[PDB]
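What follows is a set of notes on a single structure, which appears directly below.
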Amino acid sequence: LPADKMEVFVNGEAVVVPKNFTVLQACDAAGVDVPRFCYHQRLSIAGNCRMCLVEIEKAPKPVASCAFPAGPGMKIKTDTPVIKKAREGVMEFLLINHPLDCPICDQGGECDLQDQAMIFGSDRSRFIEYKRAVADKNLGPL
Amino acid sequence: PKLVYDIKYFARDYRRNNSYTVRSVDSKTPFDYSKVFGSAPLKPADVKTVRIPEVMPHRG
Amino acid sequence: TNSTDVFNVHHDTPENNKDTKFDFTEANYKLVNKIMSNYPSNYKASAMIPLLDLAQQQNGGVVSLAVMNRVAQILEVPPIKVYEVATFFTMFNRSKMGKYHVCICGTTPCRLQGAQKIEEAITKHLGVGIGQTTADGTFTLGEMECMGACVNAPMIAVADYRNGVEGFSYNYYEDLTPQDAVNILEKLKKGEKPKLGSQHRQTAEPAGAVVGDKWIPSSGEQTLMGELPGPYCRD
Amino acid sequence: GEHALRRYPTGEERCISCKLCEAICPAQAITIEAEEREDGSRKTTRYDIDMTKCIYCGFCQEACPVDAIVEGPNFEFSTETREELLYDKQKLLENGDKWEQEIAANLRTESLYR
Amino acid sequence: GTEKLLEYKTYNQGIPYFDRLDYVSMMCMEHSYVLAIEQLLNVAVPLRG
Amino acid sequence: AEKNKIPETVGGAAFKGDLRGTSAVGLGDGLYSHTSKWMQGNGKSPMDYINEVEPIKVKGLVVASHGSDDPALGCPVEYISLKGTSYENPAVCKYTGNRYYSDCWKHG
Amino acid sequence: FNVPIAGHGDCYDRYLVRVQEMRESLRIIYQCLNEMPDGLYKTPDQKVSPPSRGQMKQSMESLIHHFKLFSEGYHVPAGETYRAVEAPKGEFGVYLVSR
Amino acid sequence: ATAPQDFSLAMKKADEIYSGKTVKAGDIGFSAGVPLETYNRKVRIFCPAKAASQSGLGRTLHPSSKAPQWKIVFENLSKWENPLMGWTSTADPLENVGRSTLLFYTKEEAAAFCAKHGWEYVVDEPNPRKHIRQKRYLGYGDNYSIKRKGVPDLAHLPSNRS
Amino acid sequence: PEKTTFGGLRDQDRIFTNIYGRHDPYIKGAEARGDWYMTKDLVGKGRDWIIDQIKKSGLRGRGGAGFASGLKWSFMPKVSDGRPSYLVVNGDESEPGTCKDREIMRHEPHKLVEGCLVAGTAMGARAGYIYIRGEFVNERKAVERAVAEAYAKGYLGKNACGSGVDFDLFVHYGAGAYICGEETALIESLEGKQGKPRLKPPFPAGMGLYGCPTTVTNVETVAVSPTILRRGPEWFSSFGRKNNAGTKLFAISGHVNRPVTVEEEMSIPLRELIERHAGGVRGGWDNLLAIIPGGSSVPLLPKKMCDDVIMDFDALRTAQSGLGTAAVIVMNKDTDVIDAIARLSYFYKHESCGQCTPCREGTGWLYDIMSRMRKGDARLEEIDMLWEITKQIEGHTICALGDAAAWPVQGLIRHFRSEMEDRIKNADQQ
Ligand SMILES: Cc1cc2nc3c(=O)[nH]c(=O)nc-3n(C[C@H](O)[C@H](O)[C@H](O)COP(=O)(O)O)c2cc1C
Ligand code: SF4
Ligand code: SF4
Ligand code: SF4
Ligand code: SF4
Ligand code: FES
Ligand code: FES
Ligand SMILES: [Zn+2]
């Protein structure tokens with residue numbers, strides 16, 4: 001822990017990170033991969049998708065890793081069953097209004113949504129209502 | 001089917017929840033032959049048998 | 001039964017399109033300067049909502065594309081920000097609006113005391129329906145959420161978009177039975193100004209309640225009757 | 001049996017060029033390449049099946065989400081040269097047209113089970 | 001070259017290989033393959049199947 | 001002419017002046033149309049079939065499209081926005097090509 | 001069912017064994033027919049088995065599972081196994097190694 | 001990065017217990033029995049970079065990744081179109097072997113394999129990926145900092161105005 | 001104030017005195033009622049003294065949180081690091097059951113301004129903004145006139161009220177959004193962007209309006225603070241129970257003989273409040289299906305609980321509800337609870353800003369399911385699914401509007417599951 005570097009615990013393993021990292025940054029340093037949709041390294045942090053939720057012993061409710069600053073001696077749990085359930089619920093909310101356009105989508109083999117549905121989601125749905133519909137508009141030749 | 005309105009894969013996920021533990025065995029510690037042959041029958045009456053498993057595991 | 005705006009994108013119309021030009025009048029521009037003075041110079045975008053309200057009042061109740069572009073130019077911001085804010089909030093109307101905008105609250109506390117029947121009487125007498133302007137153009141009907149008038153639950157709110165910034169009023173009419181609502185709207189058609197606030201009582205005193213089509217006057221225990229305590233200091 | 005591409009009752013091909021049938025093909029008998037059509041639809045500019053490489057497993061009929069590709073009830077399709085056994089989109093569409101009613105009846109019956 | 005061909009196919013794509021290994025008894029041949037995949041996958045078969 | 005024209009979309013399920021996604025198939029042979037690449041005859045194309053079918057009026061701002069009449073014997077369920085749609089400019093089902101339009105947004 | 005056994009080992013003994021094996025298989029078939037249960041024929045898990053067609057056509061998660069099972073396939077956990085079955089010709093086994 | 005704690009444990013343990021006998025470079029290639037002109041082909045040892053479409057880190061060299069990620073790939077050769085059916089035809093025997101099956105955990109392992117068979121190789125290290133946010137948007141708080149337009153000027157205050 | 005029994009507040013103990021607008025609400029009447037009395041002295045006594053007196057009074061925060069006002073005010077920075085401090089008064093009163101703040105704004109404008117001065121001095125805030133609902137045009141005009149009058153007599157500005165303190169007050173108004181009542185979303189709206197809440201791990205005391213330390217407090221807390229400093233913290237503490245000391249403005253609405261807004265000490269029995277001030281429930285106390293105690297966000301309570309329930313924070317917490325705002329809504333036996341809770345679900349579907357996935361999608365899902373239950377279209381398992389969805393939303397959202405959307409539905413499931421089952425079965429039966 002030389003000066004700026006601190007120590008954080010991710011899933012019970014010691015990781016030395018600078019003070020300016022967030023929870024997601026330390027989790028990446030620990031080799032743990034958190035599900036993300038809106039967080040991007042080179043873009044401003046948003047925190048809207050709420051798919052990165054992890055558990056901090058200090059915090060009562062799950063926090064978003066991308067926007068949560070890491071602290072000295074913080075213990076981070078990314079595999080607790082509550083986090084698994086929260087991941088599945090967020091995935092359900094993401095998919096309830098999604099169009100059934102996988103065969104006609106050009107993201108078919110490269111979709112984050114599908115892959116994280118398979119890995120961090122349930123295999124079945126309970127939604128029977130009408131989905132939302134949007135009308136597309138031209139953004140240019142490309 | 002009780003899975004229609006109750007969706008939880010992490011509770012029903014057996015594929016990714018298997019693990020391997022580690023032990024070390026040494027020749028110095030003697031083997032327990034009491035376990036192997038103490039439970040072995042000495043007379044026809046004491047013979048105990050393991051029945052064939054009727055069905056393979058199913059979720060129900 | 002959707003309200004005035006069904007589109008979250010710009011719908012080209014002969015009234016509303018790119019060539020249309022909107023600018024603040026000189027007196028309205030003085031009001032613009034006074035509005036801006038309240039917020040720091042560097043953070044000038046803080047005035048977007050008051051300026052959009054002022055432009056709406058001037059333009060007769062419609063926030064057009066020219067209005068948004070003019071406000072964006074004055075605030076030195078990308079137009080998409082003004083588009084986003086004009087689309088987010090409810091009071092901003094981006095479609096043509098009538099002389100009067102009559103709004104009926106349909107939230108729970110109003111629905112218990114009879115907001116449904118109020119709306120039914122209003123839509124019968126006016127004859128158009130929620131989200132639809134009168135064929136004359138005198139009233140545009142709308143449903144809004146809680147208006148802060150729950151004790152006087154059966155209530156409507158009307159906006160005067162005729163005169164402009166000088167003569168715009170957003171008034172509340174409360175404790176109203178369907179016949180009272182019809183009477184208020186007829187008075188509005190004539191141009192006569194109805195009783196501000198609740199009809200049967202002054203404000204949220206313990207004076208009675210609206211049950212069905214009638215006001216049941218019950219007066220029991222009152223609290224602030226008497227002489228008010230006045231100045232006091234601890235020693 | 002013999003493969004056949006199908007059309008909607010309007011006459012528009014059911015194929016949407018998802019290319020799943022080519023990914024699931026155990027024998028790699030299907031080659032597909034597509035484009036955007038002028039109207040704007042996702043349609044194939046090429047759909048050829050090698051019937052000398054097909055194993056008639058029926059996996060492609062299983063993977064198709066729109067019932068575009070089906071294995072028809074025809075087993076009389078021997079040829080005198082191997083080139084005639086390299087089918088293409090036009091030939092498969094013609095085979096679908098020829099056997100449309102039988103395929104539709106078989107699919108209606110099969111839908112109950114799966 | 002069946003064994004090497006299996007290595008280039010997915011698990012479900014390689015089932016038809018076992019049917020053609022023995023043309024007299026197809027079901028028994030594919031059965032062992034599906035049982036091994038089930039053991040590794042920890043998948044439980046319903047009683048009707 | 002077609003050899004130096006920019007590939008464009010008519011705009012039934014697209015916009016009138018967009019680029020068309022194109023592969024290089026038929027570029028050597030000299031074919032520049034979608035149907036020419038795969039059909040060598042002079043018969044009626046499936047696009048000609050789908051154009052002949054007329055747009056259908058519906059009530060509401062969203063229509064559920066299953067492609068066929070029976071949900072499990074056609075395209076996946078799709079919800080299409082009917083806002084800003086008319087007979088001349090109808091909404092399109094991407095799987096089937098059926099055209100829909102509604103007057104409800106105009107408060108009717 | 002009962003195992004058929006002979007002792008000589010000659011060609012005739014194996015022929016007799018095979019005939020009796022046919023009879024034992026008939027007995028097993030009759031038991032299967034009478035005791036055939038009702039319910040699912042494939043595993044309920046849709047991360048290893050394809051969804052039904054109406055289900056893929058009505059649910060987003062089922063379309064995703066169908067697409068990823070008919071393009072990529074399921075991922076089998078790292079391990080090795082040898083599973084053998086009593087084939088008619090003898091013991092047929094597969095030694096499968098997964099990474 | 002912690003541990004897989006699965007069959008890979010015994011896999012690595014079998015690796016560290018056992019070892020291979022040293023031979024001169026290229027000698028095994030003769031034992032292989034393949035055409036000797038195969039080893040005239042040149043080898044590139046590289047790790048694929050992340051696809052820009054996806055944000056997963058599995059394919060990259062990351063502590064999350066526990067799979068072999070270093071490929072031996074051979075140079076691309078001539079490809080043509082079938083005159084009858086327009087299929088892509090080739091004469092390269094080694095077209096897909098390296099991409100499909102030649103996967104190694106470490107660059108030295110692939111280099112050892114190439115030197116053992118006699119393939120000349122060039123190792124290309126992946127461009128380093130460092131997950132460092134810029135100072136302007138180092139954290140969520142920085143989004144709503146005074147950095148956007150400076151500290152608010154208070155010359156608009158009525159007391160300061162008058 | 002007696003520990004055994006609470007209720008029957010006297011006129012001498014009421015802070016809000018022209019709440020009913022029988023007198024001049026402007027400066028002439030305000031001075032005669034005790035407003036702006038000795039503000040020079042209270043402000044000159046220093047920020048520390050005000051903070052300790054507020055802490056001793058036990059004043060918890062009106063507006064829903066219930067968080068202690070003194071501790072929140074003490075979180076403000078003491079010394080400037082180059083960044084000014086701001087006071088923002090949350091006069092946005094969007095809440096389906098609450099009408100209480102509007103009377104204060106329209107009939108006691110000067111108490112709010114004096115409270116803003118006192119609290120800004122307590123937190124060392126140079127400038128203050130009074131956020132008002134855009135719909136409250138006339139109330140805003142009243143508040144603006146009060147501000148102008150206070151400026152005219154020197155109560156505000158440099159050397160405000162004669163003490164060596166400087167405070168400038170502005171009145172800002174929104175364009176209509178329930179979310180803009182949230183602390184961060186209000187700050188974003190006043191900055192000039194969409195009123196979308198900011199993730200809390202950065203806290204408003206650290207970085208707020210224009211990136212500077214800010215505190216958002218309700219009109220009622222700001223208004224009650226000056227008289228607390230005048231009358232005395234002990235007087236404020238006497239009325240309520242332990243940890244719950246002060247008087248609070250109760251707005252009784254719904255099926256009551258007289259709907260009233262009234263001031264009462266906390267820890268009054270709900271039955272006592274409804275029967276004495278509201279005139280009793282329409283058709284008698286016997287005619288009660290349910291009562292929503294704290295506005296629409298909090299779960300409803302059935303009649304049985306309403307018998308012994310006491311109008312307090314912690315007790316309503318024990319009764320699996322809350323006193324967010326003293327907005328008590330009464331429903332008759334005639335009322336269809338399913339339809340009212342469905343209307344609240346529609347409210348929350350309309351008021352979600354859409355920023356985070358769980359609120360934006362699950363609130364519309366909840367509205368759809370509640371709409372189907374209002375007709376009996378759903379199955380019996382749909383209720384359990386509804387509980388599961390409410391659990392999915394709670395805790396996984398940026399702000400508390402997801403929680404406020406989940407709670408009424410959970411209360412309906414918890415206390416009135418029998419009626420939903422009845423409606424579902426009968427529709428199938430008939
Ligand atoms: C969705 C939502 C809406 C809110 N609306 C209001 C409101 O209209 N008025 C209010 O005073 N507080 C409202 N709040 C509570 C805010 O946190 C408020 O600014 C704060 O609690 C005031 O703190 P106080 O209790 O110390 O006065 C709302 C909170 C949320 C999550
Ligand atoms: S491929 Fe991905 S983005 Fe496209 S429709 Fe399927 S899930 Fe949605
Ligand atoms: S039946 Fe099987 S081998 Fe033949 S084309 Fe279809 S998927 Fe390919
Ligand atoms: S035939 Fe079916 S599976 Fe094959 S590309 Fe067409 S739609 Fe896809
Ligand atoms: S909970 Fe709802 S209102 Fe709050 S930030 Fe999320 S989407 Fe917006
Ligand atoms: S990655 Fe979306 S909330 Fe953090
Ligand atoms: S619910 Fe209508 S004004 Fe409050
Ligand atoms: Zn369709």
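Just remember, in the structure tokens the first chain shown is A, the second B, etc., residues are 1-based per chain, and ligands are 1-based in the order shown.
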
Could you give me, as a Markdown table, every chain G residue with an atom at most 12 Å from ligand 2, plus its closest atom pair and distance in Å to one decimal, counting only C-alpha atoms and all ligand atoms, rows ordered by chain then number?
| residue | atom | partner | partner_atom_place_in_ligand_line | distance |
| --- | --- | --- | --- | --- |
| G:59 | CA | ligand 2 | 7 (S) | 11.4 |
| G:60 | CA | ligand 2 | 7 (S) | 7.7 |
| G:61 | CA | ligand 2 | 7 (S) | 8.5 |
| G:62 | CA | ligand 2 | 7 (S) | 10.6 |
| G:63 | CA | ligand 2 | 6 (Fe) | 7.9 |
| G:64 | CA | ligand 2 | 7 (S) | 6.3 |
| G:65 | CA | ligand 2 | 7 (S) | 10.0 |
| G:66 | CA | ligand 2 | 6 (Fe) | 10.8 |
| G:67 | CA | ligand 2 | 6 (Fe) | 8.5 |
| G:68 | CA | ligand 2 | 1 (S) | 9.9 |

>> Please identify all protein, DNA and RNA residues within 9 Å of ligand 5, counting only C-alpha atoms and all ligand atoms, and report them as a ChimeraX atom specification.
In response: /A:48 /I:178-179,182,185,195-199,348-349,351-361,363,393,396-405

Fill in: Expected answer as a VMD selection string: chain A residues within 8 Å of chain F, only C-alpha atoms
chain A and resid 99 to 100 104 130 to 135 138 140 to 142

message: Show me, as a ChimeraX atom specification, the residues that have an atom within 12 Å of region 52-57 of chain B when counting only C-alpha atoms, minus same-chain residues fewer than 6 positions from it.
response: /E:35,38-39,42-49 /G:43

Requested in this report: Compute the set of protein, DNA and RNA residues whose minimum atom distance to ligand 7 is at most 12 Å, using only C-alpha atoms and all ligand atoms, and state it as a PyMOL selection string.
Outcome: (chain C and resi 103-116+143-157+172-175) or (chain I and resi 93-102+135-136+178+251-254+295-296+327-329+340+343-344+347)

Using only C-alpha atoms and a distance of at most 10 Å, pull out the residues of chain G that contact chain H, as a ChimeraX atom specification. /G:77-80,98-99

Interface list for chain H, partner chain E, 10 Å threshold, only C-alpha atoms, as a JSON list (two decimals) with C-alpha atoms, in the first residue's frame:
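Everything below was put into out_9.json:
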[["chain", "number", "residue", "atom", "x", "y", "z"],
["H", 97, "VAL", "CA", -6.18, -25.50, -37.77],
["H", 100, "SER", "CA", -9.56, -23.45, -34.24],
["H", 101, "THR", "CA", -7.37, -25.72, -32.10]]

Between CA of residue 74 (chain G) and CA of residue 47 (chain H), what is the distance, to one decimal in Å?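 CA of residue 47 (chain H) lies at a distance of 24.5 Å from CA of residue 74 (chain G).
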
Item to check | Contact residues around residue 28 (chain F) with only C-alpha atoms at 12 Å, ignoring same-chain residues under 3 positions, as a ChimeraX atom specification | outcome: /F:3,23-25,31-32,37 /H:81,86

Chain C contacts to chain H at 8 Å (only C-alpha atoms) as a PyMOL selection string: chain C and resi 37-43

Output C-alpha atoms for every residue in that selection, as a compact mmCIF listing (two decimals), in the first residue's frame.
# COMPACT_ATOMS: atom_id res chain seq x y z
CA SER C 37 -30.65 37.98 -13.02
CA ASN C 38 -31.73 35.48 -10.32
CA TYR C 39 -29.19 32.87 -11.45
CA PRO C 40 -25.38 33.09 -11.73
CA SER C 41 -24.01 34.39 -15.01
CA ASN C 42 -21.85 31.35 -15.76
CA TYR C 43 -24.71 28.96 -14.89

Wanna dump the chain E-ligand 3 contacts at 12 Å for me, each residue with its shortest atom pair and the distance in Å to one decimal, counting only C-alpha atoms and all ligand atoms, ordered by chain and number, as CSV?
residue,atom,partner,partner_atom_place_in_ligand_line,distance
E:12,CA,ligand 3,7 (S),11.5
E:13,CA,ligand 3,7 (S),9.2
E:14,CA,ligand 3,2 (Fe),11.6
E:15,CA,ligand 3,2 (Fe),11.6
E:16,CA,ligand 3,2 (Fe),9.5
E:17,CA,ligand 3,3 (S),11.9

Show me which residues sit within 8 Å of ligand 4 when counting only C-alpha atoms and all ligand atoms, and put them as number ranges by chain.
A: 103; D: 5, 14-22, 32, 44, 47, 60-61, 63-69

Using only C-alpha atoms and all ligand atoms, find each protein or nucleic acid residue lying at most 10 Å from ligand 6; present the set as a PyMOL selection string.
-> (chain A and resi 23-24+34-40+45-54+63-68) or (chain I and resi 199+356-357+396-398)

Report task. Write out as a list in words each polymer residue whose atoms come within 10 Å of residue 65 (chain H), counting only C-alpha atoms; drop sequence neighbours fewer than 5 positions from it. Result -> residues 31, 32 and 33 of chain A; 1, 57, 58, 59 and 60 of chain H

Please dump the current selection as a CSV table (one decimal), in the first residue's frame; keep C-alpha atoms.
chain,number,residue,atom,x,y,z
A,31,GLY,CA,-10.3,-10.8,-11.7
A,32,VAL,CA,-14.1,-10.7,-10.9
A,33,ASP,CA,-16.2,-9.6,-13.9
H,1,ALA,CA,-7.5,-14.2,-10.5
H,57,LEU,CA,-13.3,-9.3,-21.0
H,58,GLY,CA,-13.3,-13.1,-21.3
H,59,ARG,CA,-11.6,-13.2,-24.7
H,60,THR,CA,-8.9,-10.7,-23.6

Neighbours of residue 71 (chain A) within 8 Å (only C-alpha atoms; same-chain residues fewer than 4 positions away dropped), as a list in words?
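Near neighbours after the sequence-gap exclusion: residues 6, 8 and 19 of chain A.
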
Residues of the last selection are to be written out with C-alpha atoms, as an mmCIF file, in the first residue's frame.
data_model
loop_
_atom_site.group_PDB
_atom_site.id
_atom_site.type_symbol
_atom_site.label_atom_id
_atom_site.label_comp_id
_atom_site.auth_asym_id
_atom_site.auth_seq_id
_atom_site.Cartn_x
_atom_site.Cartn_y
_atom_site.Cartn_z
ATOM 1 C CA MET A 6 -5.108 1.299 -0.739
ATOM 2 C CA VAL A 8 -9.711 -3.563 -0.691
ATOM 3 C CA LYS A 19 -7.649 5.658 -3.936
#

Surrounding residues as a ChimeraX atom specification, ligand 8, max 6 Å, only C-alpha atoms and all ligand atoms: /F:65-67,75,93,95-96
